[PDB]
Number of protein chains: 2
Amino acid sequence: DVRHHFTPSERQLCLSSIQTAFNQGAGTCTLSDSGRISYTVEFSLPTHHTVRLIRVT
Amino acid sequence: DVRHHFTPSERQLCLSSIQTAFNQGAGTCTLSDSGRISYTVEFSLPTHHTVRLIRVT
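*Asks:* What's the story with the relation of the copies chain A and chain B in this structure? I'm lost.
*Replies:* Both copies of the chain are tied together by a single rotation about an axis and a shift running along it. Mapping chain A onto chain B leaves a residual RMSD of 0.3 Å; the transformation is a rotation of 179° accompanied by 0.1 Å of translation along its axis. Those values place the two copies in the arrangement expected of a two-fold rotation axis. Rotation axis and chain A: the residue whose C-alpha lies nearest the axis is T40(A), separated from it by 2.2 Å. Most of the interface of chain A is mirrored in chain B, where 100% of its interface residues again form contacts.

The following block contains the structure:
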């Protein structure tokens, strides 16, 4: 779980990507048999953020 | 995809929920071999909303 490596600015960048993705309709939002909702997405951070994470990871 | 069936309020409650779960460390946030970010969460809506959604399904 990369979250515990995220910069504060990196953490905001994710939230917005997740929001935007959720709002534009990317990813998969599923309502399960038992009524529980799941959301799943893939997105990109800018290259220079990724590399910094690829490094500490 | 359930997003087609949400009310705009339910759409909102979903977003708040995803945003809380991400901030509080719920779900799984990963970094891929290719540097992509992925995030996946499961969460509840209030019973009455859920019940409505299951009815229209």
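Moving on, there is more to tell.
*Asks:* What should I look at first to understand the packing of aromatic side chains in this one?
*Replies:* In this description, an aromatic ring pair is defined by two values, namely the gap between the centres and the angle between the planes. Summed over all chains, the structure comprises two aromatic pairs over all chains. For the ring pair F22(A) and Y39(A), a centre distance of 4.8 Å and an interplane angle of 90° mean the geometry is edge-to-face. In this pair, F22(A) sits in helix 1 (residues 8–24) while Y39(A) sits in strand 2 (residues 37–43), placing the two residues 17 residues apart along the sequence. Overall, the relative accessible area of 0% leaves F22(A) in the buried class. Over the face of the ring belonging to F22(A) we find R3(B), whose NZ or CZ atom lies 5.2 Å from the ring centre.

*Asks:* So what exactly am I meant to see when it comes to the environment of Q12(A) here?
*Replies:* Within the element layout of this structure, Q12(A) appears in helix 1. Remark: the alpha-carbon pair of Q12(A) and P46(A), spanning 34 residues in sequence, is separated by 13 Å.

*Asks:* Just checking my understanding: could you explain the interface of chain A and chain B for this structure?
*Replies:* The extent of an interface is frequently quoted as the accessible surface area lost upon association of the parts. In this complex, chain A contributes 34 residues to the contact, which on the side of chain B involves 35 residues. Buried area between chain A and chain B, both sides added, is near 3000 Å², and the carbon and sulfur share of it is 61%. If you sort the residues of chain A by the area they bury against chain B, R3(A), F22(A) and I37(A) come out on top, with a joint share of 23%. Counting across the chain A and chain B interface gives two salt bridges. A salt bridge links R36(B) to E42(A); the shortest N-O distance between them is 3.9 Å. The interface formed by chain A and chain B includes 21 residue pairs in polar contact. Broken down by secondary-structure element, the contributors of at least two residues to the side of chain A that touches chain B are helix 1, strand 1 (28–31), strand 2 and helix 2 (47–56) of chain A.

The rules behind each value
Numbers given for residues start from 1 on each chain and follow the written sequence, which can depart from the numbering in the entry; residues without coordinates are excluded. Chains carry letters from A onward and ligands carry numbers from 1 onward, assigned in written order. Here the side-chain values reflect all heavy atoms present in the structure, with hydrogen atoms and water set aside. Their C-alpha atoms serve as the basis for the least-squares superposition of the copies. Contact definition: two residues touch when any of their heavy atoms are within 4.5 Å. In this analysis, rings of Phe, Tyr and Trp, with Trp reduced to its six-membered ring, are considered paired at centre separations within 6.5 Å, and the interplanar angle assigns stacked below 30 degrees, edge-to-face beyond 60, and tilted for intermediate values. Helix and strand assignments follow DSSP, with helices taken as H or I runs no shorter than four residues and strands as E runs no shorter than two, numbered in order from the N terminus. Remark: exposure states derive from per-residue accessible area (1.4 Å probe, protein chains only) relative to the maximum for the residue type, with buried under 20%, exposed over 50%, and partly exposed in between. We call a charge positioned above a ring when the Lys NZ or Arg CZ atom is no farther than 6 Å from the ring centre and deviates by at most 35 degrees from the ring normal. Simply put, the buried area is the total loss of 1.4 Å probe accessible area from both parts when two parts are fitted together. Take a side-chain nitrogen of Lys or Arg and a carboxyl oxygen of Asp or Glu: if they are within 4 Å of each other, that pair is a salt bridge. Polar contacts, as used here, are pairs of N or O atoms within 3.5 Å; protein pairs need one atom able to donate a hydrogen and one able to accept it. Residues neighboring in sequence count only if both atoms are side-chain atoms.

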